[PDB]
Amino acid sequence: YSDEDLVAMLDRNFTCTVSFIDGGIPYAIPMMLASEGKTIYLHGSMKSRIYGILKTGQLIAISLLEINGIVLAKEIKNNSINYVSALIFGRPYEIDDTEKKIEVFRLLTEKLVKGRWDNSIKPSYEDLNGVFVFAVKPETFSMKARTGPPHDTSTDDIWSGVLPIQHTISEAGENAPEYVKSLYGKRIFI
């Protein structure tokens, strides 16, 4: 896998787990994932504990996980999960330029629902008072995956195969805008 594989996985997710060390123990907390290329943007309230953690500039681990199938092998020990995962290391740095904060909210909103930013009330500089934004570029990263059928080593009459797990946007209202309705039934995280 390459940089392009990481960007592709970043492009298709809007959440992540952020792991860090605090008082000598590891914490893991879920966060919204804005990105553009390999750069990750995290945001939240400056009144939160995570703000202070990120302001330190300490190394954080950002991880991503996509679950795609249950692998039923003939033997219990060969059962598995088809999945894709990434672990990204980086050192956060604060974005203070309010106009760049607005742009990061635009990147996020467009990852979620293309066309929504143009048809909604955008944040004011007053709204972004007290909201942090940190950029994280990868120091290092790795990825792992499993795909495909089970590996059976035997002739036994036991059914084997993969039970696919689909992630889909479902119906939110027939009288929603077309940029929303056009997502109904769409498979995501894929």
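Numbers follow the displayed sequence, beginning with 1.
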Open item on the list: Mean Cα B factor from the PDB record: higher for 58-66, or higher for 148-156?
Closed with: 148-156
TODO: Can you pull the Cα B-factors for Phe141, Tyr125, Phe134, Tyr51 from the entry and say which is highest?
DONE: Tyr51
Open item on the list: Test of reading the entry: by CA B factor among the chain's modelled residues, which third contains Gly44?
Closed with: middle
Task: Third of chain Cα B-factors occupied by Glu75 - done: lowest
Open item on the list: Please place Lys111 in the lowest, middle or highest third of its chain according to the CA B-factor in the PDB entry.
Closed with: highest
- [ ] Could you look up the Cα B-factor of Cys16 in the entry and say which third of the chain it sits in: lowest, middle or highest?
- [x] middle
Open item on the list: Test of reading the entry: by CA B factor among the chain's modelled residues, which third contains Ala8?
Closed with: lowest
